[PDB]
Each structure stands twice: as structure tokens, then as C-alpha cells.
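Okay, so here's the structure we're looking at.
Reconstructed Cβ throughout: ideal geometry from the backbone, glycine too, with neighbour counts over all protein chains shown. Read-outs throughout are calculated quantities, based only on the coordinates presented, and are distinct from any laboratory measurement.
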Amino acid sequence: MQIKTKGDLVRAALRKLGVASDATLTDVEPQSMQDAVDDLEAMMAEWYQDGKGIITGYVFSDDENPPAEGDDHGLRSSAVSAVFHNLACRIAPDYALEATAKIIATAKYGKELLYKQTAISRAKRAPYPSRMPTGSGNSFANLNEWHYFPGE
Amino acid sequence: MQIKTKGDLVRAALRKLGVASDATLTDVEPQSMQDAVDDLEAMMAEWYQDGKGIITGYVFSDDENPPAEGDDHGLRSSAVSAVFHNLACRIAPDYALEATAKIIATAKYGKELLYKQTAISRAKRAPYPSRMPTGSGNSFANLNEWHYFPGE
Amino acid sequence: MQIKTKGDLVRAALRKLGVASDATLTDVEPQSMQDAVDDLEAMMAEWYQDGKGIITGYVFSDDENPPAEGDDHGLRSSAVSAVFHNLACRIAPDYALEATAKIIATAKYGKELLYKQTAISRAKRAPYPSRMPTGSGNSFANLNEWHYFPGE
Amino acid sequence: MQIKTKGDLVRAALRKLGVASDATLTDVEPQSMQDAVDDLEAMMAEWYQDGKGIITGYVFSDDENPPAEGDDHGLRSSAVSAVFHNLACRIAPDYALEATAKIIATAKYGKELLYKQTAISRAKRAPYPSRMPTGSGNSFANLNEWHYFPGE
Amino acid sequence: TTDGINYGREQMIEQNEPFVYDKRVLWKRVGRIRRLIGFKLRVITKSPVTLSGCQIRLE
Amino acid sequence: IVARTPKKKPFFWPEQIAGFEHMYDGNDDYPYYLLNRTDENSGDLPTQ
Amino acid sequence: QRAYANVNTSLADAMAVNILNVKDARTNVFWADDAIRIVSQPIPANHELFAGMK
């Protein structure tokens, strides 16, 4: 993918918004880039609720590294569009703008696709209760005295 | 995280509202910024209802350590976005403004996400009632007929 | 909290409305502050219906003290936002203004939160009717001939 | 309470309407104030339907004591807001005006809150009908003298 | 400026380029006007400066 | 299921019954139940 | 409540507290037989402790 860094994500978001692109002769303002990167980090930390939220493979920049921009975001190839569409939606009010209906729809669709596989993975069935017998058809268990399921 | 004090939370709220930022040629007065810090403190105290509300890790500033701005907010990484979006919503009326639809939606979603884990932990089942026996299956062996041990 | 006096609550309310503070150059006028202090006292005396209403810890001014302004309000940290948002709503009509929708919503939320714990405490269950047997399982009642519950 | 007279209530209502207050550069005629006091007296007498309506501790001014303004109204601390809000609503049409939605809502809330305690006091239960036996449980209570309830 | 006398923070926006005839000199985010505002727009070059059509978005 | 399950009781907002809370505890000292009708912000309490 | 009085006066300001064991001494002990009681019970097994123990 040609979108390998947090700055690539931010530039894509600004282009989606039509703030700093080549279709319109505008350069990304260095004051805008840091604000957008901070918004991206805040939104990513919000999504990834310490592991119990949306898992995307994004890498959070520590305080040690000087540039928060320039580092690979670590996303998968199928998360880039979702991330930068949501980022454009989030940072549009910075400039008193409003992301258009297509951008909002793509943000919704992308976030749902982000969570789909994790939802399938977390759709797990709880074991049998501790008070449920094994039945006499489970001959080995009911011979070795495992008449009931453990549970938990 | 690049946002680490109540001052940074307030500055992020102002940046989202479009009132002030690192790019604007005009900025808000320190008295206004202090008032915004007071608004944030009041909002967080209203949320964290003396321990029975939303638990966030927020650290309340004291009167002895003089500047409330500059104190670390103590929030986790995942709470920053929700907190400063809600702060932008709260302080927008000061500037004859109205927080836009995306800001309102993000504030609502962030508050939900903040309370999610606490709600999951608070959804607990009361122990068995006082007139419930524990059954023959437990009452044999140790002759316990009314205890329902709270061990686990 | 930096909001510790009736004048502080009034200043926060006027700043919310857009009548004072430094977001605009306007300053607080003494004749517009005394009226707001009067309105705050009336509002809290109405909420605290002689103790049968909303309990907040507000300390009512005495006729001996010359300025009602300057006294501590006596509220807890979690009541300030509700109190001064409702004060802003109450005192808006004086300046032919109208509290914005955000302020109205925050005032409603704050008042409900203010009464929540009092409502939980007042949700109590009545004793057993006076015409109700204690049952023969209650061994002590069968001993001292406490066949019926007292009532009331 | 800093509102201790009928004229004080009238002045509070006028300040709420925005017609006149301590800060306005123009005031209202003493005839206008007397008219508003008469309207307040009529409204209070209509509320207190000769002892069968809202009870508020209002003291009606006799004609021998000439100025009605200057008399302690006798209202409790918690009735003042409701009374003067309703008075502002009543006297708004005199000045080709119309009270704001906030003033009307506070008037409604205050009137209901004024009657609440009288409502609880007047929610009483009728005695047992005279055609009802006392039962044989209450034999030794009445010494086996009368077996039917008194009534009335 | 916010008072007509005292000017505030100065930002450096690239105004010209050698052999670039299509540039779009623009500054995205400006502040919030409290009561008054005015602008300075100072330039130091060795080449001709041609400026026209100053516009702003107030919202 | 019989033992540990919340029983059939009404659902109230605190503002609905604020001030009449002793009417719903279970006594028989009253002929009816009272509800708070108006609100100082909305003007009227929502009907549900 | 006065029916439960067991002393004549009450403790009043600087009232001296005399200690009655002024030197070491092994103690003889007397009582009424209905004063000391031993309340005993077998520990209910098959719980957190005594788990797996037979």
C-alpha cells in the first residue's frame, strides 16, 4: 500500500475533505498536520479500549520517539480506508466544515467492516452449566465418574 | 499521549470548536482559559458523582498547588477524546456558539464508551435470599442447609 | 473547585449566558450581580422545600450579613454545574435573552443528577401491615407470643 | 429573603419581564406599581379560594393601613419565586408584552410545587361506613359493646 | 490586530515561487474575532509583488 | 428462577414521584397515588 | 436505666485510677459456674477450605 504512515492517513483525510490536496492547489499546513495526528491518536485510543474495543493493528506512538509523524501506522491493508474516512469525519469541524454524505456513509461502512471479524471471533458460546449432567451416552466420562459438566 | 494536562484538554476543545488553535492568528485570554478549566473541573465532578458515577481516573486539582491548568488530568488514553469533546460542547455557549452535529455525536458516543466497562462491572447479581434453602445436593456431606457461601 | 461563592456561581452563569467574562470584553455590573444573587437564593429556597425537596448543602444567607454576595454557597463539588446552569436559565429573561439549547439540556441533566441520590435514599419500603401474622417459622415470635407484626 | 413586601414581589416580576429594575434608566409610575399590587392581590385571593385552594401564608392588606406596598406579604421563603413568576405572567399584558417560555414554565412548576404539600395533606381516607361490622377480632377492643363501625 | 495599534502573532505563508505561475496564497485557519480585527500582510522580497482579491470566510 | 428474580414493580423516573415517595411504599393511608406533572425546564413532564 | 446501676458515683474529672496488681503473682481464679461458657461446633467442610479433603 502507498498509505504506510500516519501522515499518509492524515493527508488522505485532508484530501477527502478537500482542504489540502492537488485537485485543489493547497499544501498541507504544518499546523494542521500535528492537530490531525493528535486527533488520529485520540480516536484510535478511543476505539481500542485497552484491548476490549476494535482491534486494527494500529501502533500507538510513545513519548520517546521525536516525530509522531513518519511512523508506520501498522494497520492492515483493509483498514486504511475506514481509518482515514473516519479521521476526515472527525477533523472536519476543526475548519468549520462538514464531511459530505458519501464520506459519512463510507465511515460507517468501514467501521462496521473493521469490527466484523472481531464480532465473529467473540461470538463464543458459554460452556455447559455446572449442574448439567453428561448423560449416560458419554460412556467414558460416566465410567470415570464425570457425571456433571464443570462449567465456568 | 500528546494531551497530558487540563490545559491541553481545554486547548483541544477550543481547537475542535474553531475558536483557537496553534494555527490561528488570534488566541483566547488566560482568564478565558482558566474559566474553561473550571468548567472542565465542574463537569468531571458532576460526572464522577463522589464515586457513584463515571469512573475515569480524573485527578482533581487542589487549591494549594496553585495553577489548576498544568495538572495532569490522570485520564487513561481512551478517555481523552470523550472528555475534550464533551468539554467543547459544554463551553461552546460561552462564545455565542453551538457545537456542531459531529461534535455532539462524538461526545455522546464517547460518554457511552466511558461508562461501558463500569456498567459491565456494576451489573452484578445479589446473593440468594434469606429464606432459600441450598438443596439436598449441597446439604449432604457437610450438612449445610441455609448458608450459600459467598466465596465465589 | 475554583467556584466557591455565590458571586462565583453568578459569574459562571453570566459567562454561560454571554453577558460577562472575557470571551467578550463585557464586565460584570453590580446591579446585574445583585439581581442574580437574589434569583439564585429564590431558586435554591424553592428547590429546598423546607427540607422536603432537593438537598444540596446550600447555605442560605442571613439578614445580618450585609452582602449575600461573598458568602460560600456550601454546595458539594458535584452540584456546582447544575446550580449555575439552572441559574443561567432562570436569569436569562432579565436581559430579554434565551438560554441556548445546550444550557437547557445541561440544566435538566444536572437537576436530575442532583436529586438522584436523594431519590434512592427516599425509595423505602413500608413495614408489615399490623394485621399480618409472624408465622410459626419465626421461633422467637412464637416464644414471646409475637404472633402479629406491629404495623405502621 | 430579600423580597419581603408586596411591592418587592411586584418589582421582582417587573425585573423578570425586563420592564423595569434597579439598573434601568427608566422606571414605572407609582400608579403602575399600585395597579400591579392590586393584580397580585386579586391573583392571591383567587388562588386562596377563601380557604379551599392554595395555602401560601399570604396576608391580605386591610384598607385602613393605606399603602399595600410595604406590607410583609407573609409568604414563606419557598413560595416567593412561584408567586412573583406568576405575577409577572399575569401583568405582562399590561405592557403589550408576553412572558417568555422560561417564565411560563417556572410559573407552572412553582404553582404545582406550592400546592404539593396541601395535596399530600388533603389526600385523606374516609372512615369505615356505618353499615360495616368491626369483626369479631375487635371484640376485646370495644369490650363486646358495639359490633358495627360508627361512620360519618 | 484586535485594537488597531498592536499587532499579534506573525505567520509566514509562502507568497511567491520562481517560475510557478499558479500558487494560491492562502491561510486556512484564522482565529475568532472578539470585538475587532484587522490584518497586516507584510512582504519582503527583491521581486515584484502583485496582490489582489483579499477574501475571508466568516461563517 | 422463583428465588432470584426481580419482582413486578412499576418503573418510575425520580422526578415523576419526587415528593410523593411515601405514597408508593405500600401503606394504605391514601386513596390514590400522585405524580409530579410539570417541570421548570421542559414546562411539562413527558407522558409515557 | 438507673435500675442497672452497679456503682454509687460516676467518674468525675481527675479521679485517680489505682492499679490493684502492684507486683507479679500467679493468679487463683474463682467464679460462678454459669459465667464461663464454651461454644463449640464442627467446621462446615466442603467449602473454600477443606476442598478435596475427605
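For a quick check: with amide H placed at 1.01 Å from N, whose amide H comes under 5 Å from residue C:148's, ignoring anything fewer than 5 positions away on the same chain?
C:134
Could you give me the ³J(HN,Hα) list for the range B:49-59, computed from phi with Karplus coefficients 6.51, -1.76, 1.60 and θ = phi - 60°, whole Hz, x at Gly and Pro?
7, 6, x, 9, x, 7, 8, 10, x, 4, 10
What average count of beta carbons from other chains do you get within 10 Å of the Cβ of residues in D:68-79? Display every interim value, and only then the final one.
Details: counts 0, 0, 0, 0, 0, 0, 0, 0, 3, 9, 10, 4.
Average neighbour count from other chains, rounded to a whole number: 2.
Starting from the Cα-Cα distance between residue C:62 and residue C:25, subtract it from 0.36 nm times their residue separation and give me the gain in nm to one decimal. It would help to have the intermediate numbers written out before the result.
Values: separation 37, 0.36 × 37 = 13.32 nm, distance 3.39 nm.
Contour length minus Cα-Cα distance gives 9.9 nm.
Is the range A:1-114 rounded, prolate or oblate when judged by the Cα gyration tensor, a ≥ b ≥ c being the square roots of its eigenvalues, rounded requiring a/c under 1.5 and prolate requiring a/b larger than b/c?
Here the range A:1-114 falls in the oblate category.
Kindly provide the helix-only [θ] at 222 nm of chain F, computed as the sum of -39,500 (n - 2.57) over DSSP H runs of four or more divided by all residues, to the nearest 500 deg cm²/dmol?
-1000 deg cm²/dmol
Going down the list A:111/C:108; C:111/F:9; A:6/A:111; A:116/B:102; C:124/D:108; B:124/F:7, which pairs span over 27 Å between their C-alpha atoms? Let's see the in-between values first.
Working: A:111/C:108 33 Å; C:111/F:9 25 Å; A:6/A:111 18 Å; A:116/B:102 24 Å; C:124/D:108 29 Å; B:124/F:7 17 Å.
Listed pairs above 27 Å: A:111/C:108; C:124/D:108.
Let me know the charge dipole size of chain G about its Cα centre in debye, to the nearest 20, where only the beta-carbon of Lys, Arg (+1) and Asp, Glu (-1) is charged.
The dipole magnitude comes to about 100 debye.
Looking at the square roots a ≥ b ≥ c of the eigenvalues of the Cα gyration tensor of chain F, which shape do they give, rounded for a/c under 1.5, prolate if a/b is larger than b/c, or oblate?
oblate
If you build a Gaussian network model of chain C, linking Cα atoms that sit under 10 Å apart, which residue out of C:70, C:137, C:57 swings the most?
Greatest mean-square fluctuation among the candidates belongs to C:137.
Of C:48, A:12, B:142, which is farthest on the positive side of the dipole of the protein assembly as shown, counting Cα position, with +1 on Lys and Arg Cβ, -1 on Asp and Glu Cβ, and the Cα centre as origin?
Sorting the options by dipole projection puts first B:142.
Taking H placed 1.01 Å from N in the peptide plane, check which residues at least 5 places from residue B:5 or on another chain put their amide H under 5 Å from its amide H.
Amide H to amide H, under 5 Å and 5 or more residues apart or across chains, residue B:5 pairs with B:73.
Per residue and in cubic angstrom, what volume does the convex hull of the Cα atoms of chain E have?
119 Å³
Where does chain C land at 222 nm, in deg cm²/dmol rounded to the nearest 500, when only DSSP H runs of n ≥ 4 count, each adding -39500 (n - 2.57), divided by all residues?
-14500 deg cm²/dmol
Using a Gaussian network model on chain A with a 10 Å cutoff between Cα atoms, which of A:27, A:71, A:38 fluctuates the most?
Maximum fluctuation in the GNM of chain A, among the listed residues, is at A:27.
Once you list every other residue whose beta carbon is under 10 Å from the beta carbon of residue D:69, what net charge do they have if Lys and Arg are +1 and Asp and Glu are -1?
Neighbour charge sum, excluding residue D:69 itself: 0.
In debye to the nearest 20, how big a dipole does chain C give about its Cα centre with +1 on each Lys and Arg Cβ and -1 on each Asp and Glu Cβ?
1180 debye
Show which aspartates and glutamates lie in cross-link reach of residue E:46 when reach means a straight Cα distance below 18 angstrom and same-chain residues fewer than eight apart are skipped.
E:14, E:17
Pick out, in residue order, every one of the GluC sites (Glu not before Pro) in the range B:40-112 that is DSSP loop and has at most 13 other C-beta atoms within 10 Å; say none if there are none. Kindly include the intermediate steps, with their values, before the conclusion.
On the way: sites: B:41, B:46, B:64, B:69, B:98, B:112; in loops: B:64, B:69, B:98.
Answer by residue number: B:64.
Which residue, D:140, D:84, D:60, tops the fluctuation ranking in a GNM of chain D built on C-alpha contacts under 10 Å?
D:140
Is the protein assembly as shown rounded, prolate or oblate when judged by the Cα gyration tensor, a ≥ b ≥ c being the square roots of its eigenvalues, rounded requiring a/c under 1.5 and prolate requiring a/b larger than b/c?
On the way: a/c = 2.09, a/b = 1.21, b/c = 1.72.
Oblate.
Neighbouring Cβ atoms within 10 Å as the yardstick, rank E:54, A:89 fewest first.
E:54, A:89
Below 8 Å between Cα atoms, with a sequence gap of 6+, how large is the relative contact order for chain A in percent?
Relative CO of chain A lands at 21 percent.
Give me a comma-separated list of calculated 3J(HN,Hα) values for the range D:97-107, in order, Karplus coefficients 6.51, -1.76, 1.60 applied at θ = phi - 60°, integers in Hz, x for any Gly or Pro.
10, 7, 5, 6, 4, 5, 5, 5, 5, 5, 5
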